[PDB]
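I have placed the structure first, in the form of structure tokens, so that the comments after it can refer back to it.
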RNA sequence: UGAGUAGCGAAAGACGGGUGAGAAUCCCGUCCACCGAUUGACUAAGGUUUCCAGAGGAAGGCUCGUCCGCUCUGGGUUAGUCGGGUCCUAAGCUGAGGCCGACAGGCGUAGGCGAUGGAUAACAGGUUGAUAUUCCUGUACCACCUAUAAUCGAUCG
RNA sequence: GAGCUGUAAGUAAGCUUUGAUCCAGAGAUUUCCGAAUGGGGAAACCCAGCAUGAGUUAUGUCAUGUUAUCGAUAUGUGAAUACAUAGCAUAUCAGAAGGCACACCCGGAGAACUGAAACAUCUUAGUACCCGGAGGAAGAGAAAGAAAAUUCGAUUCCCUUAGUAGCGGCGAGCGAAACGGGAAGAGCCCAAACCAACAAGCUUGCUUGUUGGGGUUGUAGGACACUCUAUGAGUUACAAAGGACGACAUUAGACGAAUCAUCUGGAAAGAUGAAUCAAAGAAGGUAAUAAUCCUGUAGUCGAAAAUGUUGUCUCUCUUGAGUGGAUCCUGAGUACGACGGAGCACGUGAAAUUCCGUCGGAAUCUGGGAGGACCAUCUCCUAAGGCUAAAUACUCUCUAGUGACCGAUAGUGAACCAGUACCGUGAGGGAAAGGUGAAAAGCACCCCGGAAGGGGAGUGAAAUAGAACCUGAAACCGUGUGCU
Ligand SMILES: [Mg+2]
Ligand SMILES: [Mg+2]
Ligand SMILES: [Mg+2]
Ligand SMILES: [Mg+2]
Ligand SMILES: [Mg+2]
Ligand SMILES: [Mg+2]
Ligand SMILES: [Mg+2]
Ligand SMILES: [Mg+2]
Ligand SMILES: [Mg+2]
Ligand SMILES: [Mg+2]
Ligand SMILES: [Mg+2]
Ligand SMILES: [Mg+2]
Ligand SMILES: [Mg+2]
Ligand SMILES: [Mg+2]
Ligand SMILES: [Mg+2]
Ligand SMILES: [Mg+2]
Ligand SMILES: [Mg+2]
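Protein chains in written order, with this note's numbering: chain V, 16 to 77; chain G, 4 to 106; chain A, -14 to 43; chain X, 529 to 617.
What follows is the structure, given as structure tokens:
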């Protein structure tokens, strides 16, 4: 997920990663503790995908 | 400025002149820790980890500037100065022998 | 209130007595309401009496 | 939106009894309204619900040893579904 | 120092049992007295977790304390019809333009604002340690949507 | 360049030589209220319209754009009135509003307490408060000047002139200037005649209004005539404006020289002895007092990037000197005067110079002013239009420093999760509170007690150093005592 810039379809991934993130935060309030693979190193990933999409219009358009 | 896999000799401590290895360095308190140097005994009580915890004997931290990294080709302590050859910077022990004592 | 060409305005100053103890007053300028020809429609506006070098009203 | 307007469930003895008559509790984000919570469990759990109810908790007061703050306000929502089975566990 | 001195902020309590390391003070019972156009039962104004459960005894309560409106941990408030907004205006207050003035600003028309009033669609019982016409049981009403077929080339105004 | 996940120990999973976390430059994100600007409004909230789109069989919902007021630019339309103008309707534009350290400056408006031993002219003072507009500096500024000898020369600021000349109920008290010595040193663009088009009246005439070009001063410059010169200077702060070609300074960081041994000590940097670097004997830390233990210093280097100075070239631009002055122009309700008033150090007096208010009101190169009223003669200079760097005044900050400056009742109010607890309806007031040790080694265990505390044991050089913690003075409350 680090340095994956040559992917034209990432909206298949952002929606897929975000519904993954809701599968575990919702799972956090009962038990199921491995908190690294929880909202730290996964919510960074859905910020990786936007900053390599939001610039992509910018070098495209102007 | 030592690393985590060196083997040094102290200058001023409760046990001076003893050698040993370094296992941690704590680079914000800049106090390093050597095996077999300055045992500090703890009275740990019965915790949820140690079943009826008690006394023990573990060496704890001492400062950097009582510790000097000694020459490997000579075994006499030495100031370390730096120079760089080709791409990186390496440690010469300023006794004309550069050490390899990282790992 | 304001003129056109001189842009007049009452400016302060004391006024004195015969025993020379002061006060404050204003000197208001001689404004007259009149309707002049300005661009577009002729407007009615104040102007001062020493600003009389102009054609009056049309 | 519609995936992260619901935020957490709550398991309470008020609510774990209230699993029998099939009412669920949640914790939705503060700015939403009760209509588009109904349009969210349609998305996430794929059943159809009868009605929803919300309320507010005012941000009550913190400790005094831990100094004078306030715990966050929250928006507890309750959904009512008449045939959809146990979505969560 | 005054000094172990003045003061404990109206008033009827008594006994038995239980808890507890400790009880004239806390909990259960009977007996007794006290207001009763109120020390009763409800609503707004305010106050903002004081609400309930479990646990604790340093400090708070003019005494004591096992207890509490105090500390600690974990919880509690559900609305198409209930009060209000998506309706209306009074006193006022703002006020495009426009008057008016050393500056700031003052005043005012159209319009908006403003409830204590005008208009408007719901009830009876049950339930929990805490919430109710809000949730559950039965019963209807009000506004808008689609599929619904006794007429009219009648309807909205 | 090997550990990190804030201040912040504890966790529990994790990241990390494939280069983390941190340090610097650049970019994307930037919810909501705020001038708040779609309308309301009790700031952090409520209610919408307009197009697109998701969605449901639709209605409800959602999402991103969108619409305040002046102002400008474009068409529509255009009354009382017929011709047009107010007015009215659409489309673009981002000009404004608010905030600022308001410290320093510039204009508008402007007190009193106090001194005179009372007090009214005066002075506290054109000071403090209020409001308006800009800048990194603003204002002033290119002589209608100073001066009196022989003149020299724009403005500002520092030293002397000097508490002098002077003003004053001639009282209290205000208080200059030039000459001189320095700081730092640039001077220029418009108006007009006249000429070339353009339009108009209204004809080959004149006048008027624009557009260029010409031209801007007093030893009198310019228009007009005469004759002779040009791809050499000047510049993007004044003089007309934009921008590529190329050396330094900032914003991270490197390297960086020289020591041992004994003794007392819990531990040496101390004592004694033996050595060594020095462009490095500034400073701090390390178990005590270190040039040679660490971080550093002297002296050297580095910069992907992004800004600031800027050197060069490239570009824009651009003719400058003389004579005749026989004619023509030189800033109009202006300068001045009368009347009340402010400023000039100067209180209306013998009162020039300067601006405002009202009212009368000139001449033009034989002119017009000014030399402390005014007239005469003589010297100086040309108002009624503009623009301008440097010397100089300030620090809420930023960078690097220094101090016969304080060391917790001092220093800022504020070393300490300060304009906070707290008092006030409000505007606004406004505290107290630093120190275990070298290191948490923070007292395992045994005993009385419900616990709190306590006696042993134990860590530590020291717990008579026990987290109300270094040192522990006085008031004051106590314990058995020698004399009484
Ligand atoms: Mg008595
Ligand atoms: Mg009893
Ligand atoms: Mg209330
Ligand atoms: Mg008590
Ligand atoms: Mg409580
Ligand atoms: Mg009205
Ligand atoms: Mg940590
Ligand atoms: Mg708004
Ligand atoms: Mg639509
Ligand atoms: Mg010079
Ligand atoms: Mg170094
Ligand atoms: Mg060194
Ligand atoms: Mg006069
Ligand atoms: Mg002290
Ligand atoms: Mg505090
Ligand atoms: Mg010991
Ligand atoms: Mg004593």
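Here a beta-carbon is modelled for each residue, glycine too, at the ideal position from N, C-alpha and C.
C-beta neighbour in chain V for residue i, strict 8 Å
i                      : result
residue 532 of chain X : yes
residue 587 of chain X : no
residue 539 of chain X : yes
residue 536 of chain X : yes
Close beta carbons around residue i, own chain, < 6 Å, minus the five adjacent residues each side
i                      : result
residue 573 of chain X : 615
residue 581 of chain X : 606
residue 21 of chain A  : none
residue 12 of chain A  : -5
residue 72 of chain V  : none
residue 571 of chain X : 530
residue 18 of chain A  : 31
Supposed close pair residue i, residue j - CB separation, criterion 8 Å
i                     : j                     : result
residue 33 of chain A : residue 15 of chain A : 6 Å
Same chain only: Cβ atoms within 7 Å of residue i, ignoring 5 sequence neighbours per side
i                      : result
residue 1 of chain A   : 7
residue 566 of chain X : 577 and 580
residue 16 of chain G  : 40, 41, 65 and 69
residue 39 of chain V  : 53
Per DSSP, the bridge partner or partners of residue i
i                      : result
residue 43 of chain G  : G:61
residue 552 of chain X : X:607
residue -4 of chain A  : A:12
residue 27 of chain G  : G:36
residue 649 of chain X : This structure leaves residue 649 of chain X out entirely; chain X is present only between 529 and 617.
residue 66 of chain G  : G:34
residue 43 of chain V  : Paired residues: none, contrary to the question.
residue 22 of chain G  : G:12
residue 534 of chain X : X:556
Beta-carbon proximity of residue i to residue j, cut-off 8 Å
i                      : j                      : result
residue 5 of chain G   : residue 40 of chain G  : no
residue 558 of chain X : residue 537 of chain X : no
residue 535 of chain X : residue 550 of chain X : no
residue 98 of chain G  : residue 74 of chain G  : yes
residue 60 of chain G  : residue 44 of chain G  : yes
residue 25 of chain V  : residue 68 of chain V  : yes
residue 34 of chain V  : residue 531 of chain X : yes
residue 33 of chain G  : residue 72 of chain G  : no
residue 586 of chain X : residue 601 of chain X : yes
residue 32 of chain V  : residue 66 of chain V  : no
Own chain residues within Cβ distance below 8 Å of residue i, not counting five before or after
i                      : result
residue 20 of chain G  : 12 and 13
residue 590 of chain X : 596, 597, 598 and 599
residue 53 of chain G  : 47
residue 56 of chain G  : 47, 48, 49 and 50
Below-8 Å beta-carbon distance, residue i vs any chain X residue
i                     : result
residue 65 of chain V : no
residue 51 of chain V : no
residue 34 of chain V : yes
residue 44 of chain V : yes
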